[PDB]
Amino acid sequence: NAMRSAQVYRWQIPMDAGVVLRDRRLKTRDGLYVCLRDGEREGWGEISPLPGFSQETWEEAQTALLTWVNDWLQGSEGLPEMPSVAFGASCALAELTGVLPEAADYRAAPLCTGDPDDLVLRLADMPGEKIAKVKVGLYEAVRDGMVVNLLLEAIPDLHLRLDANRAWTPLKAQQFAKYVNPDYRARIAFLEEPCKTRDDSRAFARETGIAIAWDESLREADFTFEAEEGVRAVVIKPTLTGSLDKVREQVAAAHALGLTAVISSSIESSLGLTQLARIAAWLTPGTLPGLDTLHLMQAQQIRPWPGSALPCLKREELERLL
């Protein structure tokens, strides 16, 4: 189409030392961007499969994105199934049509990074609603239970999101719970995927009174949105999910069941994170998104996250594929 043109960029962002995912060292974050133009209209997307979580590799995503772009340029925008590519391409399309609103709040649940005191100091005097995120299942269960307990004790109105990524056996999950004072358990907003199996996670929720959330379950073939005793939320990671339309359908299905839906990071670059902030403000206006992952990186690119002190690279500094 005479009116259409596109650009594709490839990049690698250095990570801070000490970032681990499913027994892996994420030394750099590797990804792609697409920039679509149709007349005076422009739209961007991020295509960044996450090692150990995405089925597709960076290299596979690159090929799929390029071939999708080739078709789009010729007037065919049907999206591929590959989730990171479907997500990025769909965001670019949504930006071209103005469907993705410009607005964002740019606030996220702060992520604990090994210093609960700092987290306490940061939240203890924050006016309004206090929500934070603690990763669990990396250290031994006793440690996690004590940390969670101390934080809840330190700030009486703090609500914690906990993320286990299916780390625990039923025994370890019970060991974690025993260190959390029952008087404080109601202030665990949710514990994402405590156990290795979903049935064990549900049993844990019912036994302990600690609310749970689904995250990786949503990407399993069998997944059905269900209201269930103990289940309070779902975590939706668009890069691992697919198109913006699919993300919308999932948010809607969760809300229709009274479940909280959290728009969440797959460690995207700043560009993708700002888009997730817009998606969250639009589709989940009442729910703080899980986007506090930028500080794990050494640079921003193209669009900065407001308030980040990290340097921001311009597009001219990235490797251009198309």
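Sequential numbering from 1, following the sequence displayed.
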Assert higher mean C-alpha B factor (136-144 or 204-212, deposited values) equals 136-144
For 49-57 versus 280-288, entry-based mean Cα B-factors point to 49-57
One of 237, 219, 122, 248 has the largest Cα B-factor in the entry, namely 122
Temperature factor at the Cα of residue 84, chain-ranked in thirds, falls in the lowest
On the chain's distribution of Cα B-factors, residue 26 falls within the third called highest
Chain thirds by Cα B factor, record data; residue 69 belongs to the middle
Of the three thirds of Cα B-factor ranks in this chain, residue 15 occupies the middle
Chain thirds by Cα B factor, record data; residue 228 belongs to the highest
